[PDB]
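All values below come from the heavy atoms of this structure, side chains included, with hydrogens, waters and symmetry mates left out. Chain letters run A, B, ... following the sequence lines, proteins first and then strands; every chain starts at 1.
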Protein chains: 2
Amino acid sequence: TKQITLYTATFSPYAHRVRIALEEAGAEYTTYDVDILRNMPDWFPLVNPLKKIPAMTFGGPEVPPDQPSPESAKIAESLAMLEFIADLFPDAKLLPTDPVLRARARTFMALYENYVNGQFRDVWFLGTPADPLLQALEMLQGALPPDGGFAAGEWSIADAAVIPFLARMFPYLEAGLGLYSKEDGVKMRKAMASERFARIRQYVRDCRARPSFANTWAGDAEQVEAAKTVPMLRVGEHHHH
Amino acid sequence: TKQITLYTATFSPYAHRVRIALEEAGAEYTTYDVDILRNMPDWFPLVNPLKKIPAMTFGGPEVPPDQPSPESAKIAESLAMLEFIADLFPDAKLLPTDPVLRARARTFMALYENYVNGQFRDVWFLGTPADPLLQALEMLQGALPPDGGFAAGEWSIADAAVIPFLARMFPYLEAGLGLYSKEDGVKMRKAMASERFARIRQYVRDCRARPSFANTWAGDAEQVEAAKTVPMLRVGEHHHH
Ligand SMILES: CCCCCCSC[C@H](NC(=O)CC[C@H]([NH3+])C(=O)O)C(=O)NCC(=O)O
Ligand SMILES: CCCCCCSC[C@H](NC(=O)CC[C@H]([NH3+])C(=O)O)C(=O)NCC(=O)O
Ligand SMILES: CCCCCCSC[C@H](NC(=O)CC[C@H]([NH3+])C(=O)O)C(=O)NCC(=O)O
Ligand SMILES: [Ca+2]
């Protein structure tokens, strides 16, 4: 009964996480785009004082999203929102019930956030060498069940946390978007197509095939165009060596 | 009933996080120290392929910790362990039951891990400027309930996650541990004693007063000595800006 509003942006893989989870929960919710990196509305700090997307309001009176209510709960940080949606919709089984399988899901989320995300950031925003990123991706791939399935076996919020980033990698590379050089762009594209990374390719296909991805994805070319609006992706710019 | 073994090290605030939660859970468990930074045992990758402390084994036959069983579940990443202990011991109420209050706990953990922890790392190990760390700490302080209490009201695993790091700050500063300059040491000691940080001081006192802290802390002087065994805290080195 309590309303959910997700403040979103098409380029934001963090917001994408939460859209995927809300779809998997079968939740009723509103999305509201915010041009957070170029033209933040003056009211936005009322829903998130950190001034980041995603932001979520929960409950309170129904109001237009650009007139947030002080009575709604203000929830920040995408992974906290993922666990929140699992808590709100237990019958949707967005986590396993078995403690050890739940821990696989939490561990996978931590592996991505602690060791992989920053490597994506270094390569895409600074143009540092790709090898440490490929190494981190091989580590993450190693945590998947080798014979198939999602991070914790059945689909869980762990896969909502990770697919937005992995799914952007291939189309961004194909467009040459990011501060890495052509040489590293080619090296990454080759690596990600090689048998070294067959398992994570299967993982990306399996996550993308679910309705929760299809219904929250603009299309590869459309996502690339939204990403080009990101100031620190510096479209047209590349660092070398 | 299944066995819990936590591979530990006194200097590791990440391991401290999990000892606190296990104490709060009233769990039966074994700890085993690992000299992970100076002399990793050859068997240690069997309990954590990432080669980090903490590591946890769960279940399997009862064996000496230096003879780990292939049959035990291997759990990595301290925050995943915190959630696992909450899942294993629901009657200990290591999280709230209310979804919004649970979200406060998850958000607080994310705020620390995403915005504060890296500033502690960069100030202590690289000697980067202290002001961004103090800014991040003011942000974290602002997430606390203003009138007292823990991150989500009642004590929760969010407080296990954060106190190891905040509790080390004061004695480390007083002992001059870290690669930051003299000027930034003075600045941080003055700030952390100023009215600006009264709320987080009460928070640290409130967390330290619980038996779960007292029974897992070696003492301030002892923790300082353990931290001096960390190789990248190179004695006699300071960075300046
Ligand atoms: C490949 C494109 C990546 C684009 C940047 C990431 S999406 C927008 C970005 N959001 C975040 O940084 C949120 C991270 C936060 N830790 C979470 O998990 O929700 C933001 O609002 N940033 C504004 C700010 O940090 O001030
Ligand atoms: C193919 C996928 C490419 C993924 C690129 C990385 S985007 C995520 C990146 N986030 C971080 O680096 C972590 C920031 C911070 N520690 C947090 O947890 O919010 C970011 O928002 N960075 C914003 C910036 O660096 O400008
Ligand atoms: C107060 C002293 C300063 C802190 C020292 C770091 S603690 C030991 C360190 N552990 C980690 O980095 C664990 C991080 C992991 N993300 C977690 O949450 O468990 C380790 O084993 N490192 C070995 C490695 O990374 O290879
Ligand atoms: Ca506040």
When you compare the side chain of [Y] with that of [X], does any pair of heavy atoms fall below 4.5 Å?
X	Y	result
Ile200(A)	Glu138(A)	no
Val116(B)	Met139(B)	yes
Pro171(B)	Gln223(B)	no
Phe125(A)	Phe120(A)	no
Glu83(B)	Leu95(B)	yes
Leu140(B)	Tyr115(B)	no

Practice prompt. Mind telling me whether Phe108(A) and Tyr203(A) have parallel, tilted or perpendicular rings, with 30° and 60° as the class edges?
Written response: perpendicular
Worksheet item: Angle class for the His16(B)/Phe213(B) ring planes (parallel below 30°, perpendicular above 60°, tilted otherwise)?
Response: tilted
Which atom names give the shortest non-hydrogen contact between [X] and [Y], and what distance separates them?
X	Y	answer
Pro54(A)	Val18(A)	CG-CG2, 4.2 Å
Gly176(A)	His238(A)	O-CE1, 3.0 Å
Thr229(B)	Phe11(B)	OG1-CD2, 4.0 Å
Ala143(B)	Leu111(B)	CB-CD1, 3.8 Å
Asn48(B)	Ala76(B)	OD1-CB, 3.8 Å

How long is the gap from [atom1] on [X] to [atom2] on [Y], to the nearest 0.5 Å?
X	Y	atom1	atom2	result
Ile20(A)	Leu94(A)	CD1	CG	12.0 Å
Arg168(B)	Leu177(B)	CZ	CG	11.5 Å
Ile85(B)	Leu22(B)	CD1	CG	3.5 Å

Ignoring hydrogens and angles, tell me if any N or O in the side chain of [X] forms a donor-acceptor pair with the backbone of [Y] under 3.5 Å.
X	Y	answer
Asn215(B)	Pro211(B)	yes
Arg189(B)	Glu174(B)	no
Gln141(A)	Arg196(A)	yes
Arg201(A)	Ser194(A)	yes
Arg102(A)	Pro96(A)	yes

Can you confirm whether more than 12 heavy atoms, excluding those of [X], are under 6.0 Å from its [atom1] atom?
X	atom1	result
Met40(B)	CE	yes
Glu237(B)	CD	yes
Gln202(A)	CD	yes

Discussion item. Which residue is it: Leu179(B), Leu134(B), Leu133(B)? I am looking for the one with a side-chain contact (heavy atoms from CB on, under 4.5 Å) to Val123(B).
Written reply: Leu133(B)
In terms of side-chain geometry, is the basic nitrogen of [X] or [Y] positioned less than 4.0 Å from the acidic oxygen of its partner?
X	Y	result
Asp220(B)	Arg208(B)	yes
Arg210(B)	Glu23(B)	no
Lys187(A)	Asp184(A)	no
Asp87(A)	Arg106(B)	yes

In terms of side-chain heavy atoms, does [X] have a donor or acceptor partner in [Y] at a distance below 3.5 Å?
X	Y	value
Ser156(A)	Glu154(A)	no
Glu77(A)	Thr107(B)	no
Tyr14(B)	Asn117(B)	yes

Worksheet entry | Partner of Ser78(B) by side chain to side chain donor-acceptor pair (under 3.5 Å), out of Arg17(B), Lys52(B), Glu113(B) | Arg17(B)
